[PDB]
Amino acid sequence: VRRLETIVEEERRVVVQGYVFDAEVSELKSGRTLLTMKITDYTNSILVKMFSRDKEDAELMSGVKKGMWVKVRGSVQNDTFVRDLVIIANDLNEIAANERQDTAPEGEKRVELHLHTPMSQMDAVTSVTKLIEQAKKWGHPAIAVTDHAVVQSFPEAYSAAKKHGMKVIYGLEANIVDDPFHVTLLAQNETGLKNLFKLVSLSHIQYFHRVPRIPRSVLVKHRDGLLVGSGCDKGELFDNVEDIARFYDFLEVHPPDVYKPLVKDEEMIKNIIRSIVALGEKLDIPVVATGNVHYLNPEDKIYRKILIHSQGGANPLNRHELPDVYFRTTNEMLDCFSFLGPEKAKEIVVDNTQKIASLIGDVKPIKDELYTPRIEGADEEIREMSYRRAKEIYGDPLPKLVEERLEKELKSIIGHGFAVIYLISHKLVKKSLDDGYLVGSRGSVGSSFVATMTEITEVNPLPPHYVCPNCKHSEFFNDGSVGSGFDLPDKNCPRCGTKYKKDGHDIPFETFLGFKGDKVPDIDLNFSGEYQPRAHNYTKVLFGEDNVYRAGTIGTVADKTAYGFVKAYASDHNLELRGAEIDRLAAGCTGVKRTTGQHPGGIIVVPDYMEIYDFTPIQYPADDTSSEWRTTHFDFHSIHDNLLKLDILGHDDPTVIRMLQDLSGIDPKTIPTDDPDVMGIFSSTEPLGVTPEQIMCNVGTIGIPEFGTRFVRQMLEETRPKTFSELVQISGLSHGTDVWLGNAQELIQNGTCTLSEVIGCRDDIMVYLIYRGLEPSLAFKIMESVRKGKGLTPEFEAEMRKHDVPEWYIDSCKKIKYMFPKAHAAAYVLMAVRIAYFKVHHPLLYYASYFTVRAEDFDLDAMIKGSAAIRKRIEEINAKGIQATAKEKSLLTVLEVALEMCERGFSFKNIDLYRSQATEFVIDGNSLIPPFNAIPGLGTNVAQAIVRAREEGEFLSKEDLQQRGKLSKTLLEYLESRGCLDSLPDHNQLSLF
DNA sequence: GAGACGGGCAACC
DNA sequence: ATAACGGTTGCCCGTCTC
Ligand SMILES: Nc1nc2c(ncn2[C@H]2C[C@H](O)[C@@H](COP(=O)(O)OP(=O)(O)OP(=O)(O)O)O2)c(=O)[nH]1
Ligand SMILES: [Mn+2]
Ligand SMILES: [Mn+2]
Ligand SMILES: [Mn+2]
Ligand SMILES: [Zn+2]
């Protein structure tokens, strides 16, 4: 039975063992089945192949799963396609994992009080879940989490705690300075927990030096509910007579192996530990044998070695070798300390360890309920705001329909505590417009007519209808025959004679708040990217400085980074590893925390009767002490259910269409949603006056948000939508894995249902299930499950069958990995059609706005040369297929629209010293003049400088241009070589003040 | 050795 | 071409320059 690291050449016959971390099965022309596994025994890894000799073995083959352990007998061969050695197995048997066992008697078990999770930045490696589970298996009555300077594992620890019925001790290894050493803080109770959240806050904010730290006095102020331990060899006392020590509730000692970095010798460690045993007995302080865990098993050590190594000589823990700091069993812990004799061993490994655990109560680090803000007037204001606005549109008294929608909507929004955020959202939007920036609608608030009446969304969710902007007469349609009011033919009010308005997308309110009202949604707004910061800052003014926080993110190592680390470590160490072994080393590094950052726009709101520390510590993103905002230490996900979020997001749509308006004078609200020439671009190139061959595309949506994509254009080719609601159906199925491909598309092509019967937004699932007779709350629960790609539970299936839901519909729900709410789809389409209006009727305005706002990757020389030059660049990139770099893909996207622009008759001029702007493509006759910042290397800063300079006074020489325009040599040549500078002398033979 | 700039990556909607 | 979810903010780190 051979260890994998000893498999080095081709060989007729080996027996080998390992954890299978990947396994796929496939059929061969012959009818034979092939099993392809990757296994590791943790000394190395290897790919295993097996060829079935009968259908019995073939299906057994399908039973081999990730997580099994397997013994394989077979031959070692060079596989020339996979480019590695590989086992061809003739024999396979599942075996027990037979893992490290904890052999001490029940109730006589150890407790781990000093332990690191992957949240100890780049420093520990085994998830807190695995660790907690291992503890349960071993029978430990408790386990502590004590990450460096942070508590970012608390949320996962709690979950695992509840799942596994394990008692977790919520801790912190902190940096203390005297007014820089390690102490262990264990929280006994909620007072202690809150103090931890406070400490981690102050250490990251008021007291961050090069590292978060806590002055000892600040610790004392916040000590209540904490037990304090002396911790590592980087601890205060280990680093040396007695007063220092009496400061602690328990005294830490690590297995001698842990201290092996060396002090003078190995005998000194053994004595020092004794000097600490002596100290603790003398002072009646419990002495505890803690392990300083950084990973589960002894061999998991390599993953840590790889991470740390990635940080260069800029770490100085690469100086010496790394200690064995895996999770030690109670019996093996006794062994490490046998040298103190059997009574002390048992005292400090178990009795005291258990005793400390027993001084710890049952703490819940994350709350169960939602805390909702209060601001006087809010409930009442939202009520009057919406009844008044509705009445002025729909008349007094209101139509029954409208009236019932308000009554039902308001009692829910108010009762579940959402009126405040509706109102704040209204104010955010209103300030943005006053400030000159329109706002794009988004997300599920559009399901709410109250949201519509409060101008928090442009989406009107009522059934399709006509309303008169004059006399205000209505006509609604519930036949369900009409998809959205936007599809209606223009029509005049059969009363006052005046031209009808059309609206209503028939969206159920419950997509937003559900039925119990026990879901916690947010409100999503698309502010322009230019403006987003300002909307953020306005919430400080509205709620008060200390009642909002930007959601913080935790940046972990994912696949691409892990592979990078592993390869570089291989390279540096002169290892040639098999593919399979690179994979598994990579997989061992993922999940480890690397940085912190900022949620892309969510502001978390603290009710005035609570405080942030009831929920999470706070800090600076990436520890930037100059940052304008403080972030939550926990991410939004961890506290999703406790506090409302305002998704104040950034987006190009609002900026693009704002510029389209500032350039044309046209009010985008007056743009028609059934202009045949505009809607034609969603299925043809006719409206654009160009040939498909001319622009390398069969439909007219190049550059249109969402619809200009290659995947989506193809969908459009085969679905040919003309209608607003048909476009809405496409929006829905063009977003999310397994919605269209291998699902809806197959269903239409099969004949099993029509394009309009396929599941195209999460709302349709709910509405259909209600129709089919299921209980609305359950129909809602099922909708929410599938749109998060959680599939269906056995109960859901049973309820569905019981009510005659066809087997294809059930199966289609199980596939969907993600899905829009209709209100998002309608918002986005509305925006897409407005822009389209410009693409058709004001082409050059459309392109100026495109290249100014959306584009960041250019081939200017190609673009200037024109059609043929662009086409050639495009073909160069097409040739690389899916092996194109993101950057090539970003480029391709913009070139596609450039070529279209040229074909439509327009063109690009060279950079122009006196007409080029800083960041905006300007219109000149039938051309765009590119801005300075389009030049590779020339960022926004210089661009603006060049413009500022020339406004101060013309350039008098290439040299004058160079100095006052702050241009590097390289960029000066860029302009030079293109003839931009020909009209100027190199330098001036005179200069005056 | 400080600061602009862009690529590559991760988180999130 | 194949298969294909689209679009946004933000952080780190290497490169090039003055
Ligand atoms: N294309 C795409 N769009 C997304 C994705 N996730 C979210 N969005 C867009 C569509 C969503 O309606 C909106 C996301 O906002 P949220 O995360 O707040 O979800 P939503 O509002 O749909 O549900 P909620 O009522 O808040 O639970 O932004 C995604 O994975 N792909
Ligand atoms: Mn330490
Ligand atoms: Mn430690
Ligand atoms: Mn939302
Ligand atoms: Zn009328």
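Order of the sequence lines fixes the chain letters, A, B, ..., with proteins taken first and strands second; residue numbering starts at 1 for each chain. We use all heavy atoms of the structure for the numbers below, so side chains are in, but hydrogens, waters and symmetry mates are not.
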Ignoring the backbone of [X], work out which of [options] is nearest its side chain.
{"X": "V712(A)", "options": "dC5(B), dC12(B), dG6(C)", "value": "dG6(C)"}
{"X": "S968(A)", "options": "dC18(C), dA10(B), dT9(C)", "value": "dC18(C)"}
{"X": "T556(A)", "options": "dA11(B), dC13(C), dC11(C)", "value": "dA11(B)"}
{"X": "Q598(A)", "options": "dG6(C), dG10(C), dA4(C)", "value": "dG10(C)"}
{"X": "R710(A)", "options": "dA11(B), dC5(B), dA4(C)", "value": "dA4(C)"}

Practice problem: Take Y828(A) and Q962(A), find for each the nucleotide of DNA chain C with the closest heavy atom, and name the residue whose nucleotide sits nearer the 5' end. | Solution: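 Nearest nucleotide further toward 5': that of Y828(A).
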
Quiz prompt | Contact nearer the 5' end of DNA chain C, comparing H651(A) with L741(A) | solution =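 Its nearest nucleotide lies further toward 5', so the answer is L741(A).
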
Under 4.0 Å, heavy atoms only, any strand: does [X] hit a base, just the sugar-phosphate, or nothing?
{"X": "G937(A)", "answer": "sugar-phosphate"}
{"X": "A945(A)", "answer": "nothing"}
{"X": "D635(A)", "answer": "sugar-phosphate"}
{"X": "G602(A)", "answer": "nothing"}
{"X": "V942(A)", "answer": "sugar-phosphate"}
{"X": "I882(A)", "answer": "base"}
{"X": "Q532(A)", "answer": "sugar-phosphate"}
{"X": "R713(A)", "answer": "nothing"}
{"X": "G597(A)", "answer": "sugar-phosphate"}
{"X": "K969(A)", "answer": "sugar-phosphate"}

What is the distance, rounded to the nearest whole Å, between atom [atom1] of [X] and atom [atom2] of [N]?
{"X": "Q714(A)", "N": "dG6(C)", "atom1": "CD", "atom2": "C1'", "answer": "17 Å"}
{"X": "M122(A)", "N": "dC9(B)", "atom1": "CE", "atom2": "P", "answer": "15 Å"}
{"X": "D652(A)", "N": "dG6(C)", "atom1": "CG", "atom2": "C1'", "answer": "12 Å"}
{"X": "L646(A)", "N": "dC12(B)", "atom1": "CG", "atom2": "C1'", "answer": "16 Å"}
{"X": "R442(A)", "N": "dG6(C)", "atom1": "CZ", "atom2": "P", "answer": "15 Å"}
{"X": "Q944(A)", "N": "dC5(B)", "atom1": "CD", "atom2": "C1'", "answer": "15 Å"}
{"X": "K817(A)", "N": "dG6(C)", "atom1": "NZ", "atom2": "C1'", "answer": "18 Å"}

Self-check item: Geometric cation-pi criterion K788(A) and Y818(A), 6.0 Å radius, 45° cone
Solution: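 No; the conditions do not both hold, so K788(A) does not lie above the ring face of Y818(A).
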
Quiz item: For atom CD of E718(A), is the number of surrounding heavy atoms from other residues, nucleotides or ligands below 6.0 Å larger than 12?
Solution: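 It does: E718(A) CD has more than 12 such atoms within range.
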
Quiz item: What's the verdict on side chain to side chain contact (heavy atoms under 4.5 Å, CB included) for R713(A) and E717(A), showing C-alpha distance, side-chain angles and the deciding distance?
Solution: CA-CA 6 Å; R713(A) 287 184 234 153; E717(A) 190 158 304; over 6 Å; no

Quiz item: Is there a donor-acceptor pair under 3.5 Å between the side chain of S444(A) and the backbone N or O of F512(A)?
Solution: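 Side chain of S444(A) to backbone of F512(A), a donor-acceptor pair under 3.5 Å: no, none is there.
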
Quiz item: On a whole-Å scale, what distance lies between the P atoms belonging to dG6(C) and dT2(C)?
Solution: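 Their P atoms lie roughly 15 Å apart.
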
Exercise. Answer yes if the side chains of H735(A) and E706(A) hold a donor-acceptor pair under 3.5 Å, and no otherwise.
Key: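 Yes.
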
Quiz item: Would you say a side-chain N or O of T561(A) is under 4.0 Å from OP1 or OP2 of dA10(B)?
Solution: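 So the side chain of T561(A) is within the cut-off, an N or O lying under 4.0 Å from OP1 or OP2 of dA10(B).
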
Quiz item: Given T885(A) and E888(A), is the side chain to side chain donor-acceptor pair (under 3.5 Å) satisfied, shown in steps?
Solution: CA-CA 5 Å; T885(A) 77; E888(A) 275 155 323; 3.1 Å; yes

